[PDB]
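Only one chain comes next, encoded as structure tokens, the form deposited in one PDB entry.
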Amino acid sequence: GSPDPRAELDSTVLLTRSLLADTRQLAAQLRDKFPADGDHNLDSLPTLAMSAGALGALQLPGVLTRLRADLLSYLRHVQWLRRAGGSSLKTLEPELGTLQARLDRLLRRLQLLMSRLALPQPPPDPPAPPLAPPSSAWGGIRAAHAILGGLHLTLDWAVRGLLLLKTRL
């Protein structure tokens, strides 16, 4: 029947925490084999907003819309890594593909949450062009660090933001 938004956010946060843990584990596996010297970034990745000062009902549609968009970008990047990241990263399977499938599940859950709560849906956006292949094997490894680290941060701020917002529902 009418969903309880608090319970729905609780459920969504639990699944986000699961994906956060998977992402953290894969990032540490990657650093064990290919250590990183510096925080790595990629221009094609979303800029994370890190909103959590004061969040309430008015902000919920926007937070969820932005999360959906960000997670879809991370999915594109994860798929790109698996296909074109270079042989150096074949060792990250099958875990990277499992992460991809779980990200898909969370994306489905977010669209359903928005539908059941009758929240305004984003306009069908123009899909981003293909990602260029890495310019080198080490460039591909740095991109993997950037992708897993950025996904981790996105999921951490989603957990934080959604739980804070829930306190005002």
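A residue's number is simply how far along the shown sequence it sits, counting from 1. In this text, the rigid core denotes the largest set of C-alpha atoms whose superposition between the two forms falls within 1.5 Å.
(request) Please work out which of 22 to 30 and 117 to 125 has the higher mean CA B-factor as recorded in the PDB entry. (result) Averaged over C-alpha atoms, the B-factors run higher in 117 to 125.
(message) When the Cα temperature factors in the entry are averaged, is it 48 to 56 or 140 to 148 that ends up higher?
(response) That would be 48 to 56.
(message) Given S73, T91, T98, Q79, identify the residue with the highest C-alpha B factor in the PDB entry.
(response) When the deposited C-alpha B-factors of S73, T91, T98, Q79 are compared, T91 is largest.
(message) Looking at the C-alpha B-factor values in the deposited entry, which of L112, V63, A132, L103 comes out highest?
(response) Answer for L112, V63, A132, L103: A132, with the highest C-alpha B-factor.
(message) Split into thirds by Cα B-factor across the chain's modelled residues, where does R68 land: lowest, middle or highest?
(response) Lowest third, going by the recorded CA B-factors of the chain.
(request) Ordered by C-alpha B-factor within the chain, which third holds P3? Give me lowest, middle or highest, please. (result) As the PDB entry reports it, the C-alpha B-factor of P3 lands in the middle third of its chain.
(request) Give the position of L165 by CA B-factor within its chain, expressed as the lowest, middle or highest third. (result) Within its chain, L165 is a middle-third residue by C-alpha B-factor, going by the deposited values.
Not pictured, yet referred to below: the form deposited in another entry.
(message) After superposing the rigid core, is the C-alpha displacement of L20 2 Å or more between this form and the one not shown?
(response) The answer is no, as the C-alpha of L20 shifts between this form and the one not shown by less than 2 Å after core alignment.
(message) Rigid core superposed, CA of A146 - does it shift 2 Å or more between this form and the one not shown?
(response) Stays below the 2 Å threshold, so no.
(request) Examine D156 after superposing the rigid core and state whether its CA is displaced by 2 Å or more between this form and the one not shown. (result) Stays below the 2 Å threshold, so no.
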